[PDB]
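In structure tokens, the next block holds one chain alone, the form deposited in one PDB entry.
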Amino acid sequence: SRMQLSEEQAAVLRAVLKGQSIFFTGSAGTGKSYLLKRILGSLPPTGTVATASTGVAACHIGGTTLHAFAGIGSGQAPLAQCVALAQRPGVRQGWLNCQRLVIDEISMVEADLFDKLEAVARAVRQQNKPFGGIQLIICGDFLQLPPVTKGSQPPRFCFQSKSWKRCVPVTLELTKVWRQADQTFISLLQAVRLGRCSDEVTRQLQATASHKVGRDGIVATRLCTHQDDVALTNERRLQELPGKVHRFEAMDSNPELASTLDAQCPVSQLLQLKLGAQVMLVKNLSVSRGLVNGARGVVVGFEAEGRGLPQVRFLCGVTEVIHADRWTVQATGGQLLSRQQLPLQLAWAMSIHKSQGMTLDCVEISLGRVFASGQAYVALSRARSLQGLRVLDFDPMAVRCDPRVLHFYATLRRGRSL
């Protein structure tokens, strides 16, 4: 059986099944992505397209990227050239057959791109209504990760698009945090999300610097702003371990398209492991045994037989041999690509962008620098519990909310009861 939707969650589902285009929003861990899964399960699969702004986020809901669905290249070309690309075989059919378009993590989509997609929808489907008449089902949190751009200009938030409100006329909120169980931590995260670091908030985050978050042989994943820093840390730490290297080579359906696969898949072509390697499980294997996406462990052995698969001891307690898994990604024009590989990544470090949408339970972050709006909040709001979090050098300068977003939220709630 499945969990009981809150009243707020049920209201969103009601709107969607009435055919209403909607944006629904809420703090980290309010069940937005979970509700998207329930929505997709309640709709006919024909005519329903599941996307997210990013590859990492698309994985959480079993969807494709909005880039891959649109098939307009980067979206930087002139509109007429974007339309021509959208008319290509397979791409075109995707636009024509789409009756309902789901988009998670809307906060990373910039307004100029939204405008472009809206216009492409109209041109390709030859329907002179907002977004070509597609029912839009959009969610995310504009106080989380900010918009990116394939161009060179400062991006606008998606809600700045002159078509935003016309395309998503209804807005609902999820207000009950589920990810964290502890009210103290929930209240602390809410203050951070709104950029309200009181002396008490700042004191509580600084106190985490003393947290021992690692257990026997497992150490915290450091969350970093940039993948360069992640790659160098994981490689240096692996190198310093004394054991022999064990290698696991992925099998791809189209090796020549590996880079397309890489954008939408959490595992690498070449996985290298040693005794003592710090690893993250990047696929749900068994919710019951705590073997879920984000679970942290350490390699404690390799099997003597066959491929010599790794034995991994996880923080929760279970020790388990990790077998091959498989990811099938939906690329442009409905093309499918697959990768077979062990569902493990090295995890002495991880980028904040790769943690988007995830729950983690053994994390360290240094928060003494200016960050992107919403980025400090995303990093802190991944942790299930205050005790799996160690913040170093915390300073409220790290915590920034874009004034455009505070103004958006205030306008949104203007007529509401609370």
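From 1 onward, residues are counted along the sequence shown. Rigid core: the largest C-alpha set superposing within 1.5 Å between the two forms.
| query | Per the PDB record, is the mean Cα temperature factor higher over 131-139 or over 149-157? | reply | Between 131-139 and 149-157, it is 149-157 that shows the higher mean C-alpha B-factor.
| task | Look up the CA B-factors in the entry and say which stretch, 286-294 or 171-179, has the higher mean. | result | Comparing 171-179 with 286-294, the higher average CA B-factor belongs to 286-294.
| request: Can you pull the Cα B-factors for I106, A84, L194, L261 from the entry and say which is highest? | output: Top of the list by C-alpha B-factor: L261.
| task | Among the candidates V245, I186, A231, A121, give the one with the maximum CA B-factor reported in the record. | result | In this record, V245 carries the highest C-alpha B-factor of the candidates.
| task | Would you mind checking where the Cα B-factor of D115 ranks among the modelled residues of its chain, as the lowest, middle or highest third? | result | Lowest third - that is where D115 ends up once the chain's C-alpha B-factors are sorted.
| field | Ranked C-alpha temperature factor of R2 among modelled chain residues, by third | value | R2: CA B-factor falls in the highest third of its chain.
| task | Consider only the C-alpha atoms of the modelled residues in this chain, order them by B-factor as the entry records it, and name the third containing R307: lowest, middle or highest. | result | It belongs to the highest third of the chain when residues are ordered by C-alpha B-factor.
| field | Where the record places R414 (Cα B-factor, split into thirds across the chain) | value | Ranked within chain, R414 CA B lands in the middle tercile.
| request: Just say lowest, middle or highest third for the CA B-factor of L386 relative to the other modelled residues in its chain. | output: As the PDB entry reports it, the C-alpha B-factor of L386 lands in the highest third of its chain.
Another form, the form deposited in another entry, is not on view; read the next lines as being about it.
| query | Considering only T171, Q311, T149, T225, which residue exhibits a C-alpha shift of no less than 2 Å between the shown form and the other one, with the rigid core used for superposition? | reply | Of all the options, the C-alpha that shifts by at least 2 Å belongs to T149.
| task | Using a rigid core alignment, state whether the CA of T184 is displaced by 2 Å or more between the shown form and the other one. | result | The answer is yes; the displacement is at least 2 Å.
| said: Please state whether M397 has a C-alpha shift of 2 Å or more between the shown form and the other one, with the rigid core used for the fit. | reply: Superposed on the core, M397 moves its C-alpha 2 Å or more between the shown form and the other one.
| message | Thinking of the 3 angstroms or more shift, are the C-alphas of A50 and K150 brought closer or pushed farther apart in the other form than in this view? | response | Residues separate in the other form, at least 3 Å farther apart.
| Direction of C-alpha distance change in the other form, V282 to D182 (at least 3 Å) | Compared with this form, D182 and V282 lie closer in the other form.
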